[PDB]
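Just one chain follows, in the form deposited in one PDB entry, and it is written as structure tokens.
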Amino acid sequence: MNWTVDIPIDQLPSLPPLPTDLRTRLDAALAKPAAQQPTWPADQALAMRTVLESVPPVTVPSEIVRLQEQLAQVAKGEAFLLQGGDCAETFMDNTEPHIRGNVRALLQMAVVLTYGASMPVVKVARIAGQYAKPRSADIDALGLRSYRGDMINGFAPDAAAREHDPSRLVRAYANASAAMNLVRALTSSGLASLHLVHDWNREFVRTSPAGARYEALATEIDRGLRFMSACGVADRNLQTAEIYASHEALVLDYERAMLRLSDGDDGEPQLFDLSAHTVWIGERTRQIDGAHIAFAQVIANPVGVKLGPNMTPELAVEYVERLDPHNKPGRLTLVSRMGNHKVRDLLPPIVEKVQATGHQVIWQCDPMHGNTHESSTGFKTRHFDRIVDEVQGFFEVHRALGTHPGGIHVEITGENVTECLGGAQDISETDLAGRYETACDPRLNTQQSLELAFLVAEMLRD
């Protein structure tokens, strides 16, 4: 009568434990205080962690070392990073059509951005694990315990669903592994075929109210593709498209149980977080002496740190020295989210000070999380013009300083939602009640995200 099915888990034999030396390092790191963690009992968390220690990984080390090399190129100014997907993934919407939509939107943006940048685009999805979020307050407008993502509790507004349930750590892995199996399948079959992808852009150009504005660039791209074909370059020549998985490393019970030690065939064994390919640390959990930063020191994965308007140049240097102690280009990404009214003033000093350290970080724009406001109709929202403008300001800072505008980080979807105001749709406050489906922040819908890619490409062409 709860409309729910229960899946038993047996406490099955664990694989040989992690080596004692790394466990000691790891235990030292997680002794530090950890903001934003779930409040579930510890014996129960341990039981779920023991299950996760034994499951097949979501990613494998060799894919992560591959990503590291591709991101190294981004840091050196010869590549561009595209990172995008849902603000919050839900288990109920973790379906083939939704997954296919988001993959498709990301591929569409990537080809437009590749042409604009005239250099390779690394495609990183917010997918297969983006199931946890922080909150500012512990009581929401409905008087309930806050929703903190499907890894922690349920979205539905009732007390039973909002209690912190550690079994969701395993339900999270099941959904993540299944989502990733599908991403891998899609990217290695027709969906990622270049000539198929631009034909979607041709449907966008015909059915956009501002399609006449983007016709020139769309046509230009189409002729670049036919040029390749005409020069005797076929699909299988290009090779399969690669879409990496990422999420905010927020719930340490999950991330630590997904840790694995590498083969040692490559050379030296090391701890990888195999819940994803890359992870980032959020604005509310980046305490310099906190457990999240310390966790990121111990793992080999490429990492990111969100930098909001309170950031100082000095604190940014500390992040560079702690998270890139061996000076590996593209190991650390700094993700500026300042707001379009503040980025032109606040970012330059941070960039200058970090460049002076001699490290090579990736400068990445998040034009979303600095530009959120509430509408008069009641829906939390963002304006497309303000999103565009911060990317514009981001690029101007780098063009002025002679540094690399290394990528973008956006919240998008392949669904035709009504969540962000503006775009060629020119969506209104009234329109938001039509299809407002996000479980957290508002996303660019399929048309808007494409429109944004076209605009960021023109910024790459200047």
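Shifts are known only where both forms have a C-alpha. Residues carry their position along the shown sequence, with the first being 1. C-alpha atoms forming the largest set that superposes within 1.5 Å between two forms make up the rigid core.
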item	value
Residue gap status of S14, at least a third of other entries	yes
Higher-B stretch (mean Cα B-factor, as the entry records it), 257-265 or 165-173	257-265
Average Cα temperature factor in the PDB entry - higher stretch of 174-182, 115-123	115-123
Highest recorded Cα temperature factor - choice among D431, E411, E69, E53	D431
Out of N327, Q297, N102, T187, residue topping the C-alpha B-factor column of the entry	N327
Assigned third (lowest, middle, highest) for the C-alpha B factor of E419	middle
Within-chain third of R223 by Cα B-factor, per the entry	middle
Chain-relative CA temperature factor third for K133	middle
Lowest, middle or highest third - CA B-factor, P41	middle
Third assignment of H369 from its chain's C-alpha B-factors	middle
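The following text describes the form deposited in another entry, which does not appear among the structures shown.
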| query | finding |
| --- | --- |
| Core-superposed comparison between the shown form and the other one - Cα displaced by 2 angstroms or more, from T219, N237, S189, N181 | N237 |
| Sense of CA distance change between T114 and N237 in the other form, threshold 3 Å | closer |
| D6 and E437, C-alpha gap in the other form relative to this structure (3 Å or more) | farther |
| Stretches between the shown form and the other one where the CA atoms of at least 3 consecutive shared residues shift 2 Å or more, core fixed | 1-11, 14-21, 233-235, 237-240 |
